[PDB]
Amino acid sequence: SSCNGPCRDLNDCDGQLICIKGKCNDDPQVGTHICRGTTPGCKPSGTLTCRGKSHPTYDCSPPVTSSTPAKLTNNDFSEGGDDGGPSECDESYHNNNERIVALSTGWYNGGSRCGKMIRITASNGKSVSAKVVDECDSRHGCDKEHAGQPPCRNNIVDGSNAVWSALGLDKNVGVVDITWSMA
């Protein structure tokens, strides 16, 4: 491996080249600028402040698998509600008797899962199928336009009343652990 190229755990690679990240960048004390100009963990992109708190922001979410761990929260998708306007996938409002969810920005993946069903499993072993209709935005929040609410976390399935009920869960606990997959 040279410049845009990967070392193992340690710097088992070409020339007098060391390991920065998982790539063979240059050694600073050597003074050689061989890999100059070349470039290469879901982590927070930064923070937004509201109230007092700093809240992390994210562009990404953990990897989607056949059994993806997540936190389930509760959201009002109706025209009456909390959200800033219509759901992203279809520019409409929905009833909270519909089995529907929003997904953290990374899982939302620019709309690639809109209109798809996911299967959510709770800790009591109940499962429910729900349609993806919206993004739980983990990049933006804490302002006029979002009602001063923090940005979403990165591992969130934000479910309707009907999703919580189908799962036998009390929405007043606010947040519970689940797993999910495409259905």
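Because only heavy atoms are used, hydrogens play no part in the values below, and waters and symmetry mates are left out as well, while side chains stay in. Residue numbers count from 1 along this sequence.
Among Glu135, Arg153, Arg139, the single residue meeting the side-chain hydrogen bond (donor to acceptor under 3.5 Å, both in side chains) criterion with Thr105 is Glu135. The one candidate from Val157, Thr121, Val163 that meets the side-chain contact (heavy atoms from CB on, under 4.5 Å) condition with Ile178 is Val157.
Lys71 meets the salt bridge (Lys or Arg N to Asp or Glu O under 4.0 Å) test with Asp177; sequence neighbours excluded. Scanning for side-chain contact (heavy atoms from CB on, under 4.5 Å) contacts around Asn172 gives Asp170, with sequence neighbours left out. Residues satisfying the side-chain contact (heavy atoms from CB on, under 4.5 Å) criterion with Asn97, sequence neighbours excluded, are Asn95. Among residues two or more places apart in sequence or in another chain, the salt bridge (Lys or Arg N to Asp or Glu O under 4.0 Å) test is passed with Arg119 by none. Taking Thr68 as the reference, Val64, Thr65, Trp107, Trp180 meet the side-chain contact (heavy atoms from CB on, under 4.5 Å) condition, with sequence neighbours excluded.
Looking at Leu169 and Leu72, their side chains come closer than 4.5 Å, going by heavy atoms from C-beta outward. Side-chain contact between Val101 and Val133: absent, with no pair of heavy atoms (C-beta onward) separated by less than 4.5 Å. Using a 4.5 Å heavy-atom cutoff, the side chains of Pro150 and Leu48 are not in contact.
Looking only at distances, no side-chain donor or acceptor of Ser87 sits under 3.5 Å from a matching main-chain atom of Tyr93. Looking at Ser138, its side chain does come within 3.5 Å of a backbone N or O of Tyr58 through a donor-acceptor pair. In this structure, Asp137 contributes its side chain and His140 its backbone to a donor-acceptor pair below 3.5 Å. Side-chain N or O atoms of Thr179 include none that pairs as donor or acceptor with a backbone N or O of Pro69 at under 3.5 Å. A donor-acceptor pair is defined here as one N or O able to donate and one able to accept, closer than 3.5 Å; no such pair exists between the side chain of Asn96 and the backbone of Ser160.
Closest approach of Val132 to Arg113, counting heavy atoms only: CB-O, 3.3 Å. Counting all heavy atoms, side chain and backbone alike, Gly148 lies closest to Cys50 at O-SG, 3.8 Å. Considering every non-hydrogen atom in both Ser104 and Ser61, the closest pair reads CB-OG, 3.5 Å. The shortest non-hydrogen separation linking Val173 to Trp164 is CG2-CZ3, 4.2 Å. The two atoms that bring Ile156 and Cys136 nearest to each other are CG2-SG, 4.0 Å, heavy atoms only. Across every non-hydrogen atom of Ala130 and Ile100, the tightest pair is CB-N, 4.0 Å.
From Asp134, atom CG reaches atom CD of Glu88 across 6.5 Å, with rounding to the nearest 0.5 Å. Between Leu17 atom CG and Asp27 atom CG the span is 8.5 Å, to the nearest 0.5 Å. Between the NE2 atom in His94 and the CZ atom in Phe77 there is a gap of 8.0 Å [rounded to 0.5 Å]. The CG atom of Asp26 lies 6.0 Å from the CD1 atom of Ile34; values are rounded to the nearest 0.5 Å. Note that the CG atom of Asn161 and the CG atom of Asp76 stand 7.0 Å from one another [nearest 0.5 Å]. Put simply, SG on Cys60 and CG on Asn109 are 11.5 Å apart, with the number rounded to the nearest 0.5 Å.
Here salt bridge (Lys or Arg N to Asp or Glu O under 4.0 Å) pairs that include residues 93-107, with residues two or more places apart or in two chains, number zero.
Of the two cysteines examined, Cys7 and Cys13, the SG atoms fail the criterion of being under 2.5 Å apart. If you check the gamma sulfurs of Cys3 and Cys24, they are not less than 2.5 Å from each other.
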| field | Full working for side-chain contact (heavy atoms from CB on, under 4.5 Å) between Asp82 and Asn75 | value | CA-CA 8 Å; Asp82 62 14; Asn75 187 65; 3.4 Å; yes

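Residues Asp59 and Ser45 bring no donor and acceptor atom of their side chains to less than 3.5 Å of each other.
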